[PDB]
Structures are given as structure tokens and as C-alpha cells.
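Working notes for the structure below.
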Amino acid sequence: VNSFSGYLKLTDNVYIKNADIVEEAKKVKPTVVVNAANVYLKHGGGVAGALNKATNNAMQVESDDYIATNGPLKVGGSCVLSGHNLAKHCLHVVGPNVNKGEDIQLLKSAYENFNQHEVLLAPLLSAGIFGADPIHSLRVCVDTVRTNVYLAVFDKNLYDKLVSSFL
Ligand SMILES: c1nc(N2CCCCCOCC2)c2cc[nH]c2n1
């Protein structure tokens with residue numbers, strides 16, 4: 001039993017809910033919240049800027065120190081950093097930004113990072129500014145992640161479309 005409430009069960013391991021991932025993290029304080037990161041961990045907008053804003057910029061301060069030591073992530077890669085006031089840990093995962101020419105095949109590699117964590121609260125990857133179509137992202141998620149993932153999807157029109165179109 002875990003603390004996640006109001007989710008629709010899609011599969012044995014994948015759950016979905018119309019809720020801001022920021023709002024949800026504050027309420028649940030999960031072990032792991034996933035950030036929709038870029039390779040520079042520059043949290044300017046969307047999931048990352050909203051998560052970072054909710055940490056009063058402490059996520060960005062920690063992230064800048066990480067990059068100064070380690071250099072950029074890979075597209076499809078991840079790192080584990082603090083969850084600050086939102087979660088124990090934040091798994092920063094870089095999905096394929098299609099508007100920068102980043103191979104559509106890399107979304108599966110991105111979701112494979114989730115398998116290193118038994119339970120996660122997560123954004124659909126490569127939605128919004130990444131230039132990808134969310135129905136595809138949910139399919140790859142379901143076909144790739146084997147651990148227990150709670151997808152906070154903050155677009156009802158999109159939530160309802162994802163549910164209604166789910167095979
Ligand atoms: C969950 N998913 C989020 N997505 C879903 C909406 C599609 C993306 C639009 O760019 C944010 C993307 C957000 C954003 C702020 N909070 C969130 N929580």
C-alpha cells in the first residue's frame with residue numbers, strides 16, 4: 001500500500017491522474033519525483049521550472065553545482081539529486097527534444113531510467129516543449145517501465161484524451 005490517491009489504474013504497474021506533478025509532490029512527498037530535465041539541468045519552464053520554482057530555486061542551485069562537477073547529461077539519461085521540499089529524491093530524466101533534432105527512438109531509453117526506482121511520481125516525458133505527441137509517450141511508458149509509476153498529467157483535455165485513447 002502507498003499514499004497516492006485518485007489515480008486511474010492503466011496496467012499492473014502504471015497509474016494516471018489529472019494533477020500538476022508539483023501539487024501532487026507537495027501533498028504525497030514521494031520517495032522519487034521525476035523532473036522533465038534537459039541535459040544542462042536548466043529548469044526554465046514546464047515541469048522543471050515549476051518544480052524548481054516550488055523549491056525556491058534550490059533545485060537550480062544544486063543542479064548548477066552538479067553540472068559544474070560532472071558536465072551535461074546525455075539525452076535519454078538521468079541523475080539522482082535531492083527532492084528538496086517536494087520528495088526525498090528527484091530523478092532528473094532527459095527525454096528527446098524533437099524540435100532540436102534529438103532521435104525519437106531515445107524516449108524508450110529515457111523511460112528505462114525509471115526501472116531503477118521501485119515507485120515514482122512522474123510527468124509524461126517529451127510532452128509540451130519537447131515537441132512530441134503525449135499519446136506516444138504514454139505507450140512507451142507502459143511498454144518500458146516495469147516499476148510502479150504514478151503519472152501526474154496536468155492537461156484534462158489531454159488526460160481525458162490519454163484515458164479514452166488508451167489501448
Ligand atoms: C504535470 N505535467 C506537466 N506537463 C503536462 C502538460 C503537458 C506539458 C506542458 O508542459 C508541462 C507539461 C506539468 C507542468 C506543470 N506541472 C505539470 N505537471
Side-chain angles (χ1 to χ4, degrees), residues 2-11 13-26 28-60 62-63 73 75-76 78 81-100 102 104 106-108 110-111 113-114 117 119-142 144-145 147-166:
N2 65 52
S3 156
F4 291 104
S5 181
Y7 285 71
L8 172 71
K9 181 171 183 56
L10 293 176
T11 70
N13 65 297
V14 178
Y15 295 78
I16 193 163
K17 184 185 180 175
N18 174 226
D20 176 354
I21 196 180
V22 182
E23 279 324 304
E24 196 72 7
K26 277 198 280 192
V28 176
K29 288 286 238 93
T31 306
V32 181
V33 65
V34 175
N35 181 31
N38 59 52
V39 296
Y40 307 108
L41 302 180
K42 283 172 58 90
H43 316 302
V47 166
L51 290 171
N52 174 61
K53 179 177 175 190
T55 77
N56 181 45
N57 212 52
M59 177 181 284
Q60 191 64 67
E62 179 193 30
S63 292
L73 299 178
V75 179
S78 69
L81 289 173
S82 180
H84 300 278
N85 55 313
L86 306 177
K88 188 165 194 296
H89 305 286
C90 180
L91 180 70
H92 294 273
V93 179
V94 185
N97 177 307
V98 123
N99 304 283
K100 358 140 157 184
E102 299 178 0
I104 215 37
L106 288 169
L107 186 53
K108 189 171 181 75
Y111 274 116
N113 298 289
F114 288 25
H117 304 278
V119 183
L120 318 87
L121 169 65
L124 239 199
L125 294 172
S126 308
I129 73 182
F130 296 80
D133 151 34
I135 294 173
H136 175 64
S137 182
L138 181 55
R139 180 35 60 193
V140 178
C141 179
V142 158
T144 305
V145 179
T147 57
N148 293 325
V149 58
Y150 288 84
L151 295 169
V153 160
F154 206 22
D155 184 334
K156 138 100 42 187
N157 188 281
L158 174 59
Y159 172 84
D160 283 349
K161 182 170 135 116
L162 285 170
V163 169
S164 295
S165 59
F166 184 69

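Every number for a ligand or one of its atoms is a count from 1 in the order of the listing. All values below were derived from every heavy atom in this structure, side-chain atoms included, with hydrogens, water molecules and symmetry-related copies excluded. Numbering starts at 1 and runs along the sequence shown.
Closest non-hydrogen pair, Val93 versus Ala110, comes out as CG1-O, 3.4 Å. Scanning all heavy atoms of the two residues, the minimum distance from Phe114 to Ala122 falls at CE2-CB, 3.6 Å.
For atom 5 (C) of ligand 1, the nearest protein heavy atom (residue, atom name, distance) is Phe154 N, 3.9 Å. For atom 7 (C) of ligand 1, the closest non-hydrogen atom on the protein side is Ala127 CB, 4.3 Å. Scanning all protein heavy atoms for the shortest distance to atom 4 (N) of ligand 1 gives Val47 CG2, 3.9 Å. Atom 9 (C) of ligand 1 has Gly128 CA, 3.9 Å as its closest protein atom, hydrogens excluded (heavy atom only).
Taking the side chain as every heavy atom from C-beta outward, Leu8 and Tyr159 approach each other to under 4.5 Å.
Between the CG atom in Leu106 and the CG atom in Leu125 there is a gap of 12.0 Å [rounded to 0.5 Å]. The structure places NE2 of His117 at 8.5 Å from NE2 of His89, a figure rounded to the nearest 0.5 Å.
Atoms of ligand 1 found under 4.0 Å from any heavy atom of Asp20 (numbered from 1 in listed order, with element): 15 (C), 16 (N), 17 (C), 18 (N). Distances below 4.0 Å separate heavy atoms of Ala152 from the following atoms of ligand 1: 1 (C), 2 (N).
In this pair, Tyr150 and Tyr7 present their aromatic rings perpendicular. The plane angle is above 60°, beyond the 30 to 60° band.
The shortest N or O to N or O distance between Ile21 and ligand 1 is below 3.5 Å.
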